[PDB]
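First comes the structure, then the notes that go with it.
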Amino acid sequence: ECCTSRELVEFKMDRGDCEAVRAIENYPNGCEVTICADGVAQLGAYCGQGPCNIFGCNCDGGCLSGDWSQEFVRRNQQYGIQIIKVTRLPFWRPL
Ligand SMILES: [Ca+2]
Ligand SMILES: [Ca+2]
């Protein structure tokens, strides 16, 4: 299994600041984060449940699972996440 997909999410917060959800600041009052499908900021390079190889494949446990940016919103509902852009990467699969 390969787990190279991720989402770059640009958002604002009705309460709190970007670091509270493991995000960076993106210009005054904006935040940005890269997430796996579980709606949590990436811990690494790839979105395996456990380690992948350098290609992002042969991922132990397969991929992290979830509802992508919608799960990021739900997990962090106490901050009131206002998504302004979502970009799913890569844009296509090799071949
Ligand atoms: Ca598969
Ligand atoms: Ca859903």
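Simple scheme: letters A, B, ... for chains in structure tokens order, numbers from 1 for residues in each chain, numbers from 1 for ligands in the order shown.
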Handout entry: Test item: residues at most 9 Å from residue 45 in chain A, only C-alpha atoms, excluding those fewer than 2 positions along its chain, as a count of residues only
Key = 5
Practice task
Enumerate residues in contact with ligand 2: an atom-to-atom distance of at most 12 Å, counting only C-alpha atoms and all ligand atoms. Format the result as JSON, numbers by chain.
Solution key: {"A": [37, 38, 39, 65, 66, 67, 68, 69, 70, 71, 72, 73, 74]}
Exercise for the section: Enumerate residues in contact with ligand 1: an atom-to-atom distance of at most 10 Å, counting only C-alpha atoms and all ligand atoms. Format the result as a ChimeraX atom specification. Expected result: /A:1-3,62-63
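Closest to residue 93 in chain A among A:61, A:5, A:36, A:50 is A:5, based on only C-alpha atoms.
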Exercise for the section: Tell me, in Å to one decimal, how far CA of residue 87 in chain A is from CA of residue 34 in chain A. Expected result: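 Spanning CA of residue 87 in chain A to CA of residue 34 in chain A is a straight-line distance of 9.3 Å.
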Exercise for the section: Could you pull out the residues in chain A that DSSP calls alpha helix (DSSP H) from the backbone, as a ChimeraX atom specification? Expected result: /A:68-75
Handout entry: residue 26 in chain A surroundings by only C-alpha atoms, 9 Å radius, close-in-sequence under 4 positions cut, as a PyMOL selection string
Key = chain A and resi 10-11+18+30-32
Handout entry: Separation of CA of residue 46 in chain A from CA of residue 64 in chain A, in Å and rounded to one decimal
Key =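 That distance, rounded to one decimal, is 9.6 Å.
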Practice task
Enter the distance from CA of residue 14 in chain A to CA of residue 79 in chain A, in Å, rounded to one decimal.
Solution key: 5.8 Å
Practice task
Taking the DSSP assignment computed from this structure's backbone, write out as a ChimeraX atom specification all residues of range 2-55 of chain A that belong to strand (DSSP E).
Solution key: /A:6-13,24-25,31-35
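Closest approach to residue 80 in chain A among A:23, A:55, A:29, A:12: A:12, based on only C-alpha atoms.
Residue nearest residue 6 in chain A, chosen from A:21, A:33, A:40, A:89 and counting only C-alpha atoms: A:89.
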